[PDB]
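Chains as they are written, first to last, in PDB author numbering: chain A, 10 to 125; chain A', 10 to 125; chain B, 10 to 124; chain B', 10 to 124. A prime marks a further copy of an entry chain. I have placed the structure first, in the form of structure tokens, so that the comments after it can refer back to it.
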Amino acid sequence: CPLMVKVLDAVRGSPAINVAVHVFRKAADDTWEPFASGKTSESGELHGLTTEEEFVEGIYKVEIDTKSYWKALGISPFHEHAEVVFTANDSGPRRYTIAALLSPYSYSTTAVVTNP
Amino acid sequence: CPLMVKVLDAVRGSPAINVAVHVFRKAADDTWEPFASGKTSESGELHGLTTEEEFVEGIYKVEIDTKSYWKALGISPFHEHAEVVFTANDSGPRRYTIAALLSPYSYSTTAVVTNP
Amino acid sequence: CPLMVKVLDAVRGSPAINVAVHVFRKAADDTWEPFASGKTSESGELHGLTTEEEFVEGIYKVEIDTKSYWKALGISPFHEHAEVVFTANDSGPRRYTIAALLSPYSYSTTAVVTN
Amino acid sequence: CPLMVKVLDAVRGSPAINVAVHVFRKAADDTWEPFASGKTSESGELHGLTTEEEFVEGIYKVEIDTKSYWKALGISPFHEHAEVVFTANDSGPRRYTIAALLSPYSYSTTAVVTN
Ligand SMILES: *CCC(=O)Nc1ccc(/C=C/c2cc(C)c(O)c(C)c2)cc1
Ligand SMILES: *CCC(=O)Nc1ccc(/C=C/c2cc(C)c(O)c(C)c2)cc1
């Protein structure tokens with residue numbers, strides 16, 4: 010609910026399924042602490058990463074494992090991953106959708122931020 | 010259901026609401042016949058354009074009225090519209106999502122095609 | 010060179026070479042009249058489409074033949090073409106670059122308008 | 010010029026000027042070591058980051074300071090930065106252009122790798 014990730018494949022015209030996603034949160038000492046992880050579903054979506062209680066203010070990194078996705082499909086892509094880094098919840102709780110559209114040598118990403 | 014259009018705003022980080030969309034289908038005489046139209050909802054989505062019976066094989070044009078969207082928000086954009094032209098249903102019925110991500114001087118578009 | 014077109018390939022990480030591009034100007038009767046055309050170069054670019062004298066204010070359409078490009082690479086694409094339709098306005102910078110980044114089921118386009 | 014970075018602005022239709030870019034190379038201990046940096050030019054480009062001799066195979070990260078760019082324009086952005094992380098491979102073409110197209114809540118990036 011408060012953080013969702015959607016991944017699409019621009020080659021196939023389909024959801025990007027079984028894409029690994031790791032989320033980190035910047036700690037007080039400036040290191041990236043593991044926060045949540047999961048894999049996209051057959052709809053290219055990953056829900057259930059966190060709760061509104063746990064998803065406090067901070068700087069978050071959403072790392073989408075695009076290389077493995079191309080690798081597990083047998084293809085050699087350019088990027089290691091796609092990383093999305095942003096401050097969240099700093100004016101109170103919001104809901105965030107992080108969307109990515111993937112090609113072997115390119116990607117686009119956007120955020121949809123809503124106030125419930 | 011068989012044709013859906015989703016429009017996002019890359020400036021606001023939000024759905025693009027109240028965006029006019031016109032769909033045309035190429036006729037036998039090579040003119041563009043009006044096929045369906047509507048406006049995106051508060052979720053940036055437009056459903057209910059057509060039915061699987063009416064959505065036959067053909068070449069379709071999805072014209073997204075991006076200029077008015079920037080104009081109705083009081084902004085002067087580059088493009089007149091974003092047009093998406095594609096052959097549909099030529100190997101049998103499919104479901105099509107046409108997605109667009111808008112900026113004042115740029116847009117991206119993708120398709121998600123699924124076989125029910 | 011008031012109008013340039015740049016086409017890139019997101020699958021191969023390269024310029025999109027030998028892509029047909031047609032430019033049209035909207036006529037008084039609302040039909041699209043051919044204006045200029047060419048094929049992208051080895052660097053994915055098409056220069057020399059028009060001159061300052063001919064490129065007056067108006068609505069233009071740049072049609073990029075993406076379907077033929079993908080088919081020549083043996084890849085099944087979604088779109089018939091990519092269309093970029095815009096107004097040229099003299100109350101803006103003078104040089105327009107229309108850039109497109111192509112994938113089989115997606116494209117991105119931007120304008121770089123400079124003085 | 011084996012590595013070039015190009016940054017474009019999707020709101021204004023222009024090069025993204027005076028954007029800070031930092032390049033890092035992944036070290037043996039898995040930390041990111043500074044490699045090269047600069048600010049984009051009036052044409053949105055940053056050349057002269059490295060030489061052929063120094064740009065060996067490896068994993069590189071190009072960090073584009075998008076947040077400062079938007080803030081200088083008085084626009085509230087979403088991302089802290091844009092990150093492009095990739096492997097340089099000698100069994101590929103020799104010149105890498107990393108391009109980024111920026112909006113306040115979105116960015117696109119591509120690689121153009123040529124000989
Ligand atoms: C409305 C559908 C939904 O519930 N969630 C959802 C739909 C679509 C997206 C993102 C689509 C998209 C399209 C394009 C062209 C680009 O470039 C990007 C990055 C994302 C997200 C969420
Ligand atoms: C032709 C020499 C050169 O490298 N010039 C150059 C022009 C443009 C780019 C990238 C453009 C671009 C366009 C779009 C629509 C997207 O999404 C991206 C990421 C980049 C590179 C180089």
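Idealized CB from N, CA, C, for every residue including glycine.
Contact set, ligand 1 heavy atom to C-beta under 5 Å: Residues with a Cβ closer than 5 Å to any heavy atom of ligand 1, in chain order: A:15, A:108, A:110, A:117, A:119, A':15, A':108, A':110, A':117 and A':119.
If you drop the 5 nearest sequence neighbours on each side, which residues of the same chain put their C-beta closer than 6 Å to that of residue 34 of chain A? The answer, listed in chain order, is 42, 44, 67 and 69.
How should residue 85 of chain B' be labelled, buried or exposed, when 16 other C-beta atoms within 10 angstroms of its C-beta is the threshold for buried? The residue in question, residue 85 of chain B', is exposed, as its Cβ has fewer than 16 Cβ neighbours within 10 Å.
Can you tell me the Cα-Cα spacing of residue 30 of chain B and residue 61 of chain A, whole angstroms? CA-to-CA, the gap between residue 30 of chain B and residue 61 of chain A works out to about 50 Å.
Does residue 78 of chain B get closer than 8 Å to chain A' when you measure Cβ to Cβ? The beta carbon of residue 78 of chain B does not come within 8 Å of any beta carbon belonging to chain A', so the residue lies off that interface.
Within the 8 Å Cβ cut-off, does residue 52 of chain B reach chain A? Answer no: the Cβ-Cβ gap between residue 52 of chain B and chain A never drops below 8 Å.
Can you list the residues of chain A that residue 112 of chain B reaches, using a CB-CB cut of under 8 Å? For residue 112 of chain B, the C-beta contacts it makes with chain A under 8 Å involve 19, 20, 112 and 115, in order along the chain.
Under DSSP, the alpha helix (DSSP H) around residue 77 of chain B' begins and ends at which residues? Start and end: 75-81.
Give a yes or no on whether 8 Å exceeds the smallest Cβ distance from residue 95 of chain A' to chain B'. Taking Cβ atoms only, chain B' never reaches closer than 8 Å to residue 95 of chain A', which makes this a no.
Heavy atom of ligand 2 less than 7 Å from the Cβ of residue 57 of chain B', yes or no? False, no ligand heavy atom lies under 7 Å from that Cβ.
What is the C-beta distance between residue 57 of chain A and residue 17 of chain A, in whole angstroms, given that I count them as a contact (C-beta under 8 Å)? Residue 57 of chain A to residue 17 of chain A, Cβ: 20 Å. No contact.
Per the DSSP calculation, residue 95 of chain B' is bridged to which residue(s)? DSSP, once it has assigned bridges, lists A:88 and B':69 as partnering residue 95 of chain B'.
Any beta carbon from chain A within less than 8 Å of residue 147 of chain A''s own beta carbon? What the structure shows of chain A' is the stretch from 10 to 125, and residue 147 of chain A' is not part of that stretch, so it cannot be assessed.
Less than 7 Å between C-beta atoms, sequence neighbours within five positions excluded: which residues of the same chain meet that for residue 77 of chain B'? These residues qualify, in order along the chain: 29.
If I measure Cβ to Cβ from residue 93 of chain A' and keep anything under 6 Å in the same chain, skipping five residues before and after, which residues do I get? Excluding residues within five positions, the ones whose Cβ falls inside 6 Å are 71, 107 and 118.
Say yes only if the C-beta of residue 93 of chain B' is nearer than 7 Å to one or more non-hydrogen atoms of ligand 2, and no if none qualify. It does not: the Cβ of residue 93 of chain B' is nowhere closer than 7 Å to a heavy atom of ligand 2.
Report all residues from its chain with a CB closer than 8 Å to the CB of residue 125 of chain A'; omit the five preceding and five following residues, and keep chain order. Residues 102, 103 and 104 of the same chain have their beta carbon placed closer than 8 Å to that of residue 125 of chain A', with the five preceding and five following residues left out of the count.
My output table needs one value for residue 119 of chain B': the three-state DSSP class, helix, strand or coil. When secondary structure is reduced to three states using DSSP, residue 119 of chain B' falls in the strand class.
So that I know if they touch, is there some Cβ in chain A lying closer than 8 Å to that of residue 49 of chain A'? Taking Cβ atoms only, chain A never reaches closer than 8 Å to residue 49 of chain A', which makes this a no.
From B':21, B':114 and B':99, pick the residue whose C-alpha is nearest to that of residue 22 of chain A'; which is it? Relative to residue 22 of chain A', the option among B':21, B':114 and B':99 whose CA is nearest is B':114.
Using a threshold of 8 Å, state whether the C-beta atoms of residue 91 of chain B and residue 109 of chain B are closer than that. The Cβ-Cβ distance between residue 91 of chain B and residue 109 of chain B falls below 8 Å.
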